[PDB]
Amino acid sequence: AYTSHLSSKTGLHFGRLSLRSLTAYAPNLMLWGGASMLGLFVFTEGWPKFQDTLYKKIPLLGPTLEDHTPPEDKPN
Amino acid sequence: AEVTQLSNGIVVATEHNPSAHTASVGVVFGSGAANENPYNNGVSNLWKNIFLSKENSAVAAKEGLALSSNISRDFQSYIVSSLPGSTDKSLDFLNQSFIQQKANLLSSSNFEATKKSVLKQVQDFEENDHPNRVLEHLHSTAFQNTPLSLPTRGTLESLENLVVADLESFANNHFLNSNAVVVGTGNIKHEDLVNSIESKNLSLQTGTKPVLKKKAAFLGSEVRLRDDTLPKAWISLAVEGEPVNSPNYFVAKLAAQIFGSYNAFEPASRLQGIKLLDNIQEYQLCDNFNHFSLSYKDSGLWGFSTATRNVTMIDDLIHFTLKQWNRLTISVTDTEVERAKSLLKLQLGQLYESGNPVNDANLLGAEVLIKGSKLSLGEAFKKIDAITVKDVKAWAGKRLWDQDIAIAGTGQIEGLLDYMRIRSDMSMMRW
Amino acid sequence: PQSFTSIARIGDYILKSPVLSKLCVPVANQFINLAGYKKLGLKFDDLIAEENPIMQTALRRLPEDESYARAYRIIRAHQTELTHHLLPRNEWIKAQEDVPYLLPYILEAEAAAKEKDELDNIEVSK
Amino acid sequence: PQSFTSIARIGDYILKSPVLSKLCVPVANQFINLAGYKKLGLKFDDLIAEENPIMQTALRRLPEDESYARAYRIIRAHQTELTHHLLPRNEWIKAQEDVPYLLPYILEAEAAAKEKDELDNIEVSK
Amino acid sequence: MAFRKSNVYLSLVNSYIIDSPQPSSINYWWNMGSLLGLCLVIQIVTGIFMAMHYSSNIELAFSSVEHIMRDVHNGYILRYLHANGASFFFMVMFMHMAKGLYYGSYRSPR
Amino acid sequence: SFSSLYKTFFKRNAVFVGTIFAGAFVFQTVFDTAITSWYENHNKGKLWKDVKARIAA
Amino acid sequence: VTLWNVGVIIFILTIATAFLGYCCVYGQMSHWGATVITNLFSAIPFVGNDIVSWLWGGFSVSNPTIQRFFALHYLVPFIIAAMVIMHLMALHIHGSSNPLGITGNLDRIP
Amino acid sequence: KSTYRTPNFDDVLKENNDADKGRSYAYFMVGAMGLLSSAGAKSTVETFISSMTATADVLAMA
Ligand code: HEM
Ligand code: HEM
Ligand code: HEM
Ligand SMILES: COc1c(O)c(C)c(C/C=C(/C)CC/C=C(\C)CC/C=C(\C)CC/C=C(\C)CC/C=C(\C)CCC=C(C)C)c(O)c1OC
């Protein structure tokens, strides 16, 4: 058949940002979320508040953070 | 439409077209510039100008025939064009002037005059044709020390040593029945052409062509022919592409169509639906560019060629064009693929469906010497239509994302940065 | 940063309504007189901020005679304000002279930029 | 900072004295051999500091073919030094090739500059 | 153009440590300048953190340094870093000045 | 395969950076424990814990 | 817009500098004003109490706090001087504005 | 000599040129440098922060 016109629509967007570009970038923006949690654990390892609720419950790397000094060896 | 027969070693293929006003016949050999060595480079260029010599072409004009010849990396062709009904004389001319009798053409004062003219054709090509001599150095640096690196026109230093005895060696090794296809295009029937060939002897040599030891392999490298007296800069940049007999042959071709060509001095070229244009137009970065996808028997090349007068912002031009290549792996859209589909079908329908039977003969003969047949235009349209966005992303992630590149340039190219700065742009740290 | 296309769309609806025109237009005339830019020898179209691409396009396409006159009104206003005075009453801009001379050029440039944004985000059906 | 006019004045006096030319030159040839610039592919005239106005005119007036060759020798030495190696012994600059090619263009530019200074401090014998 | 060249603040970074054109022949003696920049940062940061526990009275100055070594956590690391870092500051600076004396970096244009 | 190794860890920078951080967390705890163990064993009999238990006999 | 945002940063740094110097007198308002500002950070849901202990250097406003507040009151003014230069750099791009609110490119004086 | 004759580079070239194999080798060595640099940065930040918590004499009077 003969075509005499083009049929089209307009995609949802706001400025330089579009819905299609957001959908393509969405799976990779979650990996960057997980790469920032991993980098946060590295820098808060010495914080004892985070040790007692998160890091000491790791199966193999957990117990190696516990201190085993007897009370008779501590002045405070 | 294409009909292909076999006869004792030679292959006959035709593309009949009754509406044509001119028939064309000739012979296409399946050996080209990639079948020479760095010491006999330019032999196939001498054989082309010997065929089109003044004395040879004067004989053809009396009968009303016109001659043509083309030299490529893989094939060379010799064509004779004439009016319909004069096809019998064209076959006769080809037989007794090139196929069976080469002694009269290879006489002295005819070889010495032709060699004088070709030596001048390559001297001015090497110092006047800049865009086409950086695309030749791109092949030279990307396929160095492999057969796919020798220029098709030959070398000035190599052509001063060729003698008449070198031309007979090449003819004995390559102009053979097992390396040849007889073609006929325009207003000529398949039955008529094959009947004429068998009515005569029309037999080439008997031996087989020598095989090449090493195949072509891509190497990331660069060559810089800096010249501060020229007014512009010409740059070619490419990655390894696809061979002719590949499943990703049409996907790579469609990928080059997404970025396309550009002319700064054409009002309608500045309105194209290419997202790269809005980056390079605020500051005039280049005068023109084109994206290509060249395929051969062993390998290919995929990239672009540029020419600019903005010599202080070459880095900006390269940075922006390579950042758009990255989106072919991560964020290419559905509208871009649909537009490139329509423009590729138009471009293919303007190359195979032109009005020149000489152009058709080269195209048809070269496609049969490689895969034994010719794919129709209707079937190719069905393959282009089937391409999806997931196909493009898979192909780009394999060939483009974080890969080695080849660079060639000449002119004022001080502003072109080093290899490592450019190669860093083949990927993004934000992804 | 409200588009002039949006201002014109709202403004026209008021002017074509007989009820709204009689209650809103009298207020707008008193609003303009109290603003007092005419007492410095300026039209309103001289007050629009110009540091954007849309207004740089419109000012490029303005005819030379209009462009020369606008440059004189702007220079005169800077020197009058420098002295902390007003212009003499006979040099003030009249109401019939305060016409939107630059508005048609602004609307034409705004319509082109909107159609470019709707074609860059096009989606082909079927 | 010592001018080549003064350098040549002392040098030419030495080279014309039979006694002085007999002991100074043999120790000057050994001094140049130990300097070692010829082993990088350089002549002495390529080592002169060029950031003064006098040497900028001399390099401007140098014939075009000699200027292209000098650019290659300078780029070659930078690449050789970058690798911490020396050039192969067949690529070393020989004694008969280490000629003062730029010297005439320096002595002529310096003479013109000296005459200008003497003419800005002219005193007519009134 | 690139955002690294058009921005007001990034263009000073780009022009000094990114796109700066350097000769291809400079050896490792041209590395002492960047080392002196790291020495100055080390001395400022260790001095500030030590100054939170220091008293300048002549009757408490000596005892405040002994307080840093013994009572402050990792305080001996800060003090030995600051005292030895100042010795390494002058080591590099002496070599930095002798490089320019050997290579004539004091001459006319500079 | 070497193609699968590149596709999993080296193609996306997010996975490459996350792997470096997760490898630094494991290295941090293991390196400390292995150092004190060697340091204590090299000085057996000179530590307070050693001499405290000896006088407790 | 960028010139406006740098000024907001300068405003924040100036408030902190004035507060730190007011504590260096250690009067009745100085002491008691510091235990109602530093105690504000104790309201953070997690590790809010650990922050105030690290800021205090102890269990309340005491000698560790006053000595470290003087070291910071010496430093922040030099950071302010560095952001003023960045303030002037962003102003020099398009120049200043005028009370008329229109372009000033037609009439300029040095 | 022609400009299409490339010089000899065989003394520095590697016999096997695999993109996947030769890129994983290079990224393993820049990822090892970044792993140890990341661990050394945590040590440096913790040393300075910890010197501000509470001195030994203050903790004695708790
Ligand atoms: C904190 C002190 C200093 C710092 C941070 C510093 C920084 C630098 C840097 C980064 C360079 C360029 C890189 C290099 O040449 O290595 C440089 C070059 C130079 N510096 Fe310094 N410098 C300092 C002190 C000095 C001193 C004390 C002198 C001389 C008395 C000096 C003289 C020079 C010279 C002459 C050069 C140029 C040399 C050349 O490029 O050939 N500097 N400086
Ligand atoms: C280039 C910068 C600096 C240099 C070269 C320098 C040098 C020195 C030297 C040599 C000492 C003697 C230490 C000893 O012998 O044990 C010292 C002590 C000291 N410095 Fe610095 N200093 C610098 C910066 C600073 C700054 C910026 C501060 C504070 C903000 C500071 C604070 C101190 C203190 C508190 C001491 C006390 C003694 C000690 O802790 O050892 N310093 N400095
Ligand atoms: C923007 C810069 C500064 C501001 C706004 C500022 C503000 C203040 C304020 C509000 C006080 C309280 C004084 C009172 O209430 O009686 C003070 C005290 C003090 N400041 Fe500053 N200051 C600045 C810079 C500096 C600098 C750079 C130093 C030292 C190098 C300094 C040293 C002092 C001292 C020693 C006191 C002791 C208390 C007094 O003398 O009143 N100030 N400052
Ligand atoms: C390789 O390229 C480079 C190069 O990258 C660099 C940096 C330099 C060095 C150049 C410079 C100009 C040096 C830069 C440094 C300075 C001018 C001085 C540095 C200033 C500081 C370190 C001051 C910063 C101080 C602090 C942040 C104070 C710390 C205290 C804190 C955080 C207190 C804790 C906070 C609270 C609320 C309790 C080069 O010479 C160079 O070669 C060309």
# chains A, B, ... in the order shown; residues from 1 in each chain; ligands from 1

call {"tool": "closest_atom_pairs", "arguments": {"of": "chain G", "to": "ligand 3", "cutoff": "12 Å", "atoms": "only C-alpha atoms and all ligand atoms", "output": "Markdown table"}}
result
| residue | atom | partner | partner_atom_place_in_ligand_line | distance |
| --- | --- | --- | --- | --- |
| G:10 | CA | ligand 3 | 1 (C) | 10.1 |
| G:11 | CA | ligand 3 | 1 (C) | 10.5 |
| G:12 | CA | ligand 3 | 1 (C) | 11.5 |
| G:13 | CA | ligand 3 | 1 (C) | 8.7 |
| G:14 | CA | ligand 3 | 1 (C) | 6.1 |
| G:15 | CA | ligand 3 | 5 (C) | 7.7 |
| G:16 | CA | ligand 3 | 5 (C) | 8.6 |
| G:17 | CA | ligand 3 | 5 (C) | 5.6 |
| G:18 | CA | ligand 3 | 7 (C) | 4.1 |
| G:19 | CA | ligand 3 | 10 (C) | 6.5 |
| G:20 | CA | ligand 3 | 8 (C) | 7.2 |
| G:21 | CA | ligand 3 | 17 (C) | 3.7 |
| G:22 | CA | ligand 3 | 12 (C) | 3.8 |
| G:23 | CA | ligand 3 | 12 (C) | 7.1 |
| G:24 | CA | ligand 3 | 38 (C) | 5.4 |
| G:25 | CA | ligand 3 | 38 (C) | 4.9 |
| G:26 | CA | ligand 3 | 38 (C) | 8.7 |
| G:27 | CA | ligand 3 | 15 (O) | 9.2 |
| G:28 | CA | ligand 3 | 15 (O) | 11.6 |
| G:29 | CA | ligand 3 | 15 (O) | 9.7 |
| G:30 | CA | ligand 3 | 15 (O) | 8.5 |
| G:66 | CA | ligand 3 | 37 (C) | 11.3 |
| G:67 | CA | ligand 3 | 35 (C) | 11.6 |
| G:69 | CA | ligand 3 | 19 (C) | 10.5 |
| G:70 | CA | ligand 3 | 34 (C) | 7.6 |
| G:71 | CA | ligand 3 | 29 (C) | 8.9 |
| G:72 | CA | ligand 3 | 28 (C) | 9.5 |
| G:73 | CA | ligand 3 | 25 (C) | 6.3 |
| G:74 | CA | ligand 3 | 30 (C) | 4.7 |
| G:75 | CA | ligand 3 | 27 (C) | 7.1 |
| G:76 | CA | ligand 3 | 27 (C) | 7.8 |
| G:77 | CA | ligand 3 | 2 (C) | 5.1 |
| G:78 | CA | ligand 3 | 27 (C) | 7.4 |
| G:79 | CA | ligand 3 | 1 (C) | 9.7 |
| G:80 | CA | ligand 3 | 1 (C) | 7.3 |
| G:81 | CA | ligand 3 | 1 (C) | 8.8 |
| G:84 | CA | ligand 3 | 1 (C) | 11.6 |

call {"tool": "calpha_fit_and_write", "arguments": {"fixed": "chain D", "moving": "chain C", "output": "PDB file with C-alpha atoms, in the first residue's frame"}}
result
ATOM      1  CA  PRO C   1      75.667  35.916  27.562  1.00  0.00           C
ATOM      2  CA  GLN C   2      79.060  36.565  26.019  1.00  0.00           C
ATOM      3  CA  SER C   3      78.584  37.859  22.482  1.00  0.00           C
ATOM      4  CA  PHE C   4      79.726  35.697  19.581  1.00  0.00           C
ATOM      5  CA  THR C   5      81.613  38.741  18.293  1.00  0.00           C
ATOM      6  CA  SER C   6      83.715  38.591  21.463  1.00  0.00           C
ATOM      7  CA  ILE C   7      84.269  34.834  21.115  1.00  0.00           C
ATOM      8  CA  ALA C   8      85.342  35.143  17.478  1.00  0.00           C
ATOM      9  CA  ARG C   9      87.726  38.011  18.240  1.00  0.00           C
ATOM     10  CA  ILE C  10      89.539  36.003  20.924  1.00  0.00           C
ATOM     11  CA  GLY C  11      89.417  32.767  18.937  1.00  0.00           C
ATOM     12  CA  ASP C  12      90.931  34.222  15.771  1.00  0.00           C
ATOM     13  CA  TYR C  13      93.957  35.637  17.605  1.00  0.00           C
ATOM     14  CA  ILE C  14      94.785  32.100  18.751  1.00  0.00           C
ATOM     15  CA  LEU C  15      94.431  30.617  15.261  1.00  0.00           C
ATOM     16  CA  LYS C  16      96.621  33.213  13.521  1.00  0.00           C
ATOM     17  CA  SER C  17      99.410  32.685  16.080  1.00  0.00           C
ATOM     18  CA  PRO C  18     101.603  29.708  15.077  1.00  0.00           C
ATOM     19  CA  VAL C  19     102.809  29.171  18.652  1.00  0.00           C
ATOM     20  CA  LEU C  20      99.384  29.331  20.309  1.00  0.00           C
ATOM     21  CA  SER C  21      97.647  27.260  17.623  1.00  0.00           C
ATOM     22  CA  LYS C  22      99.891  24.239  18.214  1.00  0.00           C
ATOM     23  CA  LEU C  23      99.305  24.249  21.992  1.00  0.00           C
ATOM     24  CA  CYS C  24      95.617  25.239  22.236  1.00  0.00           C
ATOM     25  CA  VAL C  25      93.894  23.590  19.250  1.00  0.00           C
ATOM     26  CA  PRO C  26      94.909  20.032  20.306  1.00  0.00           C
ATOM     27  CA  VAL C  27      93.329  20.672  23.714  1.00  0.00           C
ATOM     28  CA  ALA C  28      90.108  21.962  22.139  1.00  0.00           C
ATOM     29  CA  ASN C  29      89.713  18.862  19.961  1.00  0.00           C
ATOM     30  CA  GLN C  30      89.951  16.597  23.010  1.00  0.00           C
ATOM     31  CA  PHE C  31      87.534  18.894  24.853  1.00  0.00           C
ATOM     32  CA  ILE C  32      84.914  18.475  22.115  1.00  0.00           C
ATOM     33  CA  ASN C  33      85.253  14.684  21.942  1.00  0.00           C
ATOM     34  CA  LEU C  34      84.789  14.369  25.704  1.00  0.00           C
ATOM     35  CA  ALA C  35      81.699  16.607  25.571  1.00  0.00           C
ATOM     36  CA  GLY C  36      79.945  13.878  23.612  1.00  0.00           C
ATOM     37  CA  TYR C  37      77.163  15.770  21.847  1.00  0.00           C
ATOM     38  CA  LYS C  38      78.102  14.073  18.559  1.00  0.00           C
ATOM     39  CA  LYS C  39      77.148  10.705  20.073  1.00  0.00           C
ATOM     40  CA  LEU C  40      73.565  12.019  20.242  1.00  0.00           C
ATOM     41  CA  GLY C  41      73.600  13.094  16.589  1.00  0.00           C
ATOM     42  CA  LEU C  42      73.921  16.843  17.173  1.00  0.00           C
ATOM     43  CA  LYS C  43      76.154  19.642  15.971  1.00  0.00           C
ATOM     44  CA  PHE C  44      77.339  22.340  18.350  1.00  0.00           C
ATOM     45  CA  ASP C  45      75.264  25.018  16.609  1.00  0.00           C
ATOM     46  CA  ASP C  46      72.154  23.086  17.689  1.00  0.00           C
ATOM     47  CA  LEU C  47      73.070  23.572  21.373  1.00  0.00           C
ATOM     48  CA  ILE C  48      73.002  27.389  21.423  1.00  0.00           C
ATOM     49  CA  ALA C  49      70.196  28.779  23.574  1.00  0.00           C
ATOM     50  CA  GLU C  50      67.563  30.405  21.382  1.00  0.00           C
ATOM     51  CA  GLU C  51      65.279  32.347  23.758  1.00  0.00           C
ATOM     52  CA  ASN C  52      66.601  35.803  22.853  1.00  0.00           C
ATOM     53  CA  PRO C  53      65.808  38.194  19.984  1.00  0.00           C
ATOM     54  CA  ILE C  54      69.240  37.764  18.354  1.00  0.00           C
ATOM     55  CA  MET C  55      68.862  34.008  17.922  1.00  0.00           C
ATOM     56  CA  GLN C  56      65.216  34.323  16.873  1.00  0.00           C
ATOM     57  CA  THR C  57      66.291  36.602  14.013  1.00  0.00           C
ATOM     58  CA  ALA C  58      69.050  34.224  12.884  1.00  0.00           C
ATOM     59  CA  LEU C  59      66.725  31.211  12.918  1.00  0.00           C
ATOM     60  CA  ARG C  60      64.196  33.133  10.808  1.00  0.00           C
ATOM     61  CA  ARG C  61      66.714  33.813   8.025  1.00  0.00           C
ATOM     62  CA  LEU C  62      67.990  30.231   7.839  1.00  0.00           C
ATOM     63  CA  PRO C  63      67.128  28.481   4.545  1.00  0.00           C
ATOM     64  CA  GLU C  64      64.344  25.911   4.539  1.00  0.00           C
ATOM     65  CA  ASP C  65      66.486  22.853   3.792  1.00  0.00           C
ATOM     66  CA  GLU C  66      68.809  23.650   6.701  1.00  0.00           C
ATOM     67  CA  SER C  67      65.840  24.418   8.959  1.00  0.00           C
ATOM     68  CA  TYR C  68      64.116  21.102   8.204  1.00  0.00           C
ATOM     69  CA  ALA C  69      67.313  19.142   8.867  1.00  0.00           C
ATOM     70  CA  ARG C  70      67.927  20.903  12.188  1.00  0.00           C
ATOM     71  CA  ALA C  71      64.423  20.039  13.392  1.00  0.00           C
ATOM     72  CA  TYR C  72      65.086  16.353  12.713  1.00  0.00           C
ATOM     73  CA  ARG C  73      68.380  16.271  14.620  1.00  0.00           C
ATOM     74  CA  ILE C  74      66.742  17.903  17.644  1.00  0.00           C
ATOM     75  CA  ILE C  75      63.764  15.521  17.704  1.00  0.00           C
ATOM     76  CA  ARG C  76      66.050  12.501  17.322  1.00  0.00           C
ATOM     77  CA  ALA C  77      68.201  13.638  20.259  1.00  0.00           C
ATOM     78  CA  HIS C  78      65.186  13.991  22.564  1.00  0.00           C
ATOM     79  CA  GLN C  79      64.012  10.439  21.829  1.00  0.00           C
ATOM     80  CA  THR C  80      67.506   8.953  22.171  1.00  0.00           C
ATOM     81  CA  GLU C  81      67.988  10.584  25.582  1.00  0.00           C
ATOM     82  CA  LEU C  82      64.499   9.439  26.621  1.00  0.00           C
ATOM     83  CA  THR C  83      65.712   5.820  26.425  1.00  0.00           C
ATOM     84  CA  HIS C  84      69.016   6.388  28.300  1.00  0.00           C
ATOM     85  CA  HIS C  85      71.034   5.086  25.350  1.00  0.00           C
ATOM     86  CA  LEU C  86      73.322   6.442  22.631  1.00  0.00           C
ATOM     87  CA  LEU C  87      72.999   6.321  18.871  1.00  0.00           C
ATOM     88  CA  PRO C  88      74.647   3.481  16.934  1.00  0.00           C
ATOM     89  CA  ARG C  89      78.261   4.341  16.211  1.00  0.00           C
ATOM     90  CA  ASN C  90      77.717   4.659  12.458  1.00  0.00           C
ATOM     91  CA  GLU C  91      75.036   7.331  13.034  1.00  0.00           C
ATOM     92  CA  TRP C  92      77.316   9.628  15.054  1.00  0.00           C
ATOM     93  CA  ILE C  93      78.148  13.060  13.668  1.00  0.00           C
ATOM     94  CA  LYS C  94      81.616  13.210  12.137  1.00  0.00           C
ATOM     95  CA  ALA C  95      84.125  15.986  12.765  1.00  0.00           C
ATOM     96  CA  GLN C  96      83.967  17.140   9.137  1.00  0.00           C
ATOM     97  CA  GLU C  97      80.169  17.472   9.435  1.00  0.00           C
ATOM     98  CA  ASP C  98      80.302  19.595  12.624  1.00  0.00           C
ATOM     99  CA  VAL C  99      80.483  22.929  10.826  1.00  0.00           C
ATOM    100  CA  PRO C 100      79.265  26.342  12.098  1.00  0.00           C
ATOM    101  CA  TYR C 101      76.284  26.682   9.774  1.00  0.00           C
ATOM    102  CA  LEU C 102      74.369  29.228  11.892  1.00  0.00           C
ATOM    103  CA  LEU C 103      77.361  31.371  12.913  1.00  0.00           C
ATOM    104  CA  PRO C 104      77.344  33.778   9.907  1.00  0.00           C
ATOM    105  CA  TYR C 105      73.661  34.562  10.508  1.00  0.00           C
ATOM    106  CA  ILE C 106      74.334  35.239  14.200  1.00  0.00           C
ATOM    107  CA  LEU C 107      77.241  37.602  13.511  1.00  0.00           C
ATOM    108  CA  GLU C 108      75.258  39.573  10.925  1.00  0.00           C
ATOM    109  CA  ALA C 109      72.362  40.045  13.350  1.00  0.00           C
ATOM    110  CA  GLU C 110      74.767  41.040  16.138  1.00  0.00           C
ATOM    111  CA  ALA C 111      76.476  43.715  14.038  1.00  0.00           C
ATOM    112  CA  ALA C 112      73.141  45.329  13.162  1.00  0.00           C
ATOM    113  CA  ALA C 113      72.021  45.532  16.799  1.00  0.00           C
ATOM    114  CA  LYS C 114      75.316  47.099  17.896  1.00  0.00           C
ATOM    115  CA  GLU C 115      75.138  49.821  15.236  1.00  0.00           C
ATOM    116  CA  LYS C 116      71.583  50.629  16.335  1.00  0.00           C
ATOM    117  CA  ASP C 117      72.772  51.151  19.915  1.00  0.00           C
ATOM    118  CA  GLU C 118      75.637  53.401  18.790  1.00  0.00           C
ATOM    119  CA  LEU C 119      73.278  55.608  16.756  1.00  0.00           C
ATOM    120  CA  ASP C 120      70.700  55.977  19.532  1.00  0.00           C
ATOM    121  CA  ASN C 121      73.483  57.353  21.760  1.00  0.00           C
ATOM    122  CA  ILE C 122      74.958  59.609  19.080  1.00  0.00           C
ATOM    123  CA  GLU C 123      76.384  63.042  19.884  1.00  0.00           C
ATOM    124  CA  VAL C 124      76.929  65.600  17.128  1.00  0.00           C
ATOM    125  CA  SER C 125      80.122  67.649  17.357  1.00  0.00           C
ATOM    126  CA  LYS C 126      80.702  71.253  16.171  1.00  0.00           C
TER     127      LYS C 126
END

call {"tool": "residues_near_ligand", "arguments": {"ligand": "ligand 4", "cutoff": "8 Å", "atoms": "only C-alpha atoms and all ligand atoms", "output": "PyMOL selection string"}}
result
(chain E and resi 16-17+33-38+40-42+44-45+48-49) or (chain G and resi 55+72+75) or (chain H and resi 49)

call {"tool": "write_last_selection", "arguments": {"atoms": "N, CA, C and O atoms", "output": "short mmCIF file (atom, residue, chain, number, x, y, z; two decimals), in the first residue's frame"}}
result
data_model
loop_
_atom_site.label_atom_id
_atom_site.label_comp_id
_atom_site.auth_asym_id
_atom_site.auth_seq_id
_atom_site.Cartn_x
_atom_site.Cartn_y
_atom_site.Cartn_z
N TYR E 16 47.09 22.79 34.47
CA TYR E 16 48.28 22.65 35.30
C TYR E 16 48.72 21.21 35.54
O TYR E 16 49.92 20.97 35.67
N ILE E 17 47.79 20.25 35.63
CA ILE E 17 48.14 18.87 35.95
C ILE E 17 47.53 17.86 34.99
O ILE E 17 47.69 16.66 35.21
N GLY E 33 60.07 18.43 42.59
CA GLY E 33 59.09 19.48 42.81
C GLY E 33 57.77 18.94 43.32
O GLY E 33 57.16 19.52 44.23
N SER E 34 57.30 17.82 42.76
CA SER E 34 56.07 17.21 43.24
C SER E 34 56.24 16.61 44.63
O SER E 34 55.27 16.51 45.38
N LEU E 35 57.46 16.19 44.97
CA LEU E 35 57.72 15.67 46.31
C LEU E 35 57.66 16.77 47.36
O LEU E 35 57.17 16.55 48.47
N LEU E 36 58.17 17.96 47.03
CA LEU E 36 58.10 19.09 47.95
C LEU E 36 56.66 19.50 48.23
O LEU E 36 56.36 20.01 49.31
N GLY E 37 55.77 19.31 47.26
CA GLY E 37 54.36 19.55 47.50
C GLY E 37 53.73 18.58 48.48
O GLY E 37 52.86 18.97 49.26
N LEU E 38 54.15 17.31 48.44
CA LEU E 38 53.67 16.33 49.40
C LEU E 38 54.27 16.56 50.79
O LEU E 38 53.60 16.30 51.79
N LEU E 40 54.99 19.50 52.13
CA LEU E 40 54.30 20.63 52.73
C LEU E 40 52.92 20.22 53.24
O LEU E 40 52.47 20.73 54.28
N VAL E 41 52.24 19.32 52.54
CA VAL E 41 50.94 18.84 53.00
C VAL E 41 51.10 18.00 54.26
O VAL E 41 50.29 18.10 55.19
N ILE E 42 52.14 17.17 54.32
CA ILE E 42 52.36 16.32 55.48
C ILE E 42 52.62 17.15 56.73
O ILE E 42 52.09 16.86 57.81
N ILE E 44 51.72 20.28 57.39
CA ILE E 44 50.58 21.07 57.83
C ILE E 44 49.56 20.20 58.55
O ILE E 44 49.01 20.60 59.58
N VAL E 45 49.28 19.01 58.02
CA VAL E 45 48.24 18.16 58.60
C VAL E 45 48.68 17.59 59.95
O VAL E 45 47.89 17.55 60.90
N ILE E 48 48.65 20.47 62.67
CA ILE E 48 47.34 20.89 63.15
C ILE E 48 46.78 19.88 64.15
O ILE E 48 46.25 20.26 65.20
N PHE E 49 46.89 18.59 63.85
CA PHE E 49 46.37 17.58 64.77
C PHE E 49 47.18 17.50 66.06
O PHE E 49 46.63 17.16 67.11
N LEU G 55 33.94 14.70 69.29
CA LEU G 55 34.01 16.15 69.22
C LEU G 55 34.41 16.76 70.56
O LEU G 55 35.14 17.76 70.59
N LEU G 72 41.26 25.18 65.75
CA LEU G 72 40.37 25.31 64.60
C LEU G 72 40.02 26.76 64.32
O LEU G 72 39.85 27.13 63.15
N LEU G 75 42.53 28.14 62.03
CA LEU G 75 42.64 27.56 60.70
C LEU G 75 41.55 28.03 59.74
O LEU G 75 41.84 28.39 58.60
N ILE H 49 41.95 10.39 62.91
CA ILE H 49 40.67 10.50 63.61
C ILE H 49 40.79 9.97 65.04
O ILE H 49 40.25 10.56 65.98
#

call {"tool": "residues_near_ligand", "arguments": {"ligand": "ligand 2", "cutoff": "6 Å", "atoms": "only C-alpha atoms and all ligand atoms", "output": "JSON, numbers by chain"}}
result
{"E": [40, 43, 44, 47, 48, 50, 51, 54, 65, 79, 83, 86]}

call {"tool": "select_by_dssp", "arguments": {"residues": "range 15-103 of chain G", "states": "alpha helix (DSSP H)", "output": "VMD selection string"}}
result
chain G and resid 15 to 23 28 to 37 48 to 56 63 to 91

call {"tool": "atom_distance", "arguments": {"atom1": "CA of residue 88 in chain E", "atom2": "CA of residue 107 in chain E"}}
result
27.7 Å

call {"tool": "residues_around", "arguments": {"residues": "residue 17 in chain H", "least_positions_apart": "6", "cutoff": "10 Å", "atoms": "only C-alpha atoms", "output": "ChimeraX atom specification"}}
result
/B:217-219

call {"tool": "write_last_selection", "arguments": {"atoms": "C-alpha atoms", "output": "PDB file, in the first residue's frame"}}
result
ATOM      1  CA  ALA B 217      46.057  -9.633  11.427  1.00  0.00           C
ATOM      2  CA  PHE B 218      45.130  -6.298  12.994  1.00  0.00           C
ATOM      3  CA  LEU B 219      47.614  -4.429  15.190  1.00  0.00           C
TER       4      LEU B 219
END

call {"tool": "residues_near_ligand", "arguments": {"ligand": "ligand 1", "cutoff": "9 Å", "atoms": "only C-alpha atoms and all ligand atoms", "output": "number ranges by chain"}}
result
E: 26, 28-40, 89, 93-94, 96-101, 103-107, 110

call {"tool": "closest_atom_pairs", "arguments": {"of": "chain H", "to": "chain B", "cutoff": "12 Å", "atoms": "only C-alpha atoms", "output": "CSV"}}
result
residue,atom,partner,partner_atom,distance
H:1,CA,B:157,CA,7.4
H:2,CA,B:157,CA,6.6
H:3,CA,B:137,CA,8.4
H:4,CA,B:140,CA,6.1
H:5,CA,B:140,CA,8.1
H:6,CA,B:144,CA,6.8
H:7,CA,B:144,CA,9.6
H:8,CA,B:145,CA,9.7
H:9,CA,B:144,CA,10.4
H:10,CA,B:145,CA,10.7
H:13,CA,B:219,CA,10.5
H:14,CA,B:219,CA,11.5
H:16,CA,B:217,CA,11.6
H:17,CA,B:219,CA,8.8
H:18,CA,B:219,CA,10.9
H:19,CA,B:403,CA,7.6
H:20,CA,B:403,CA,9.7
H:22,CA,B:403,CA,11.2
H:23,CA,B:402,CA,9.2
H:24,CA,B:402,CA,11.8
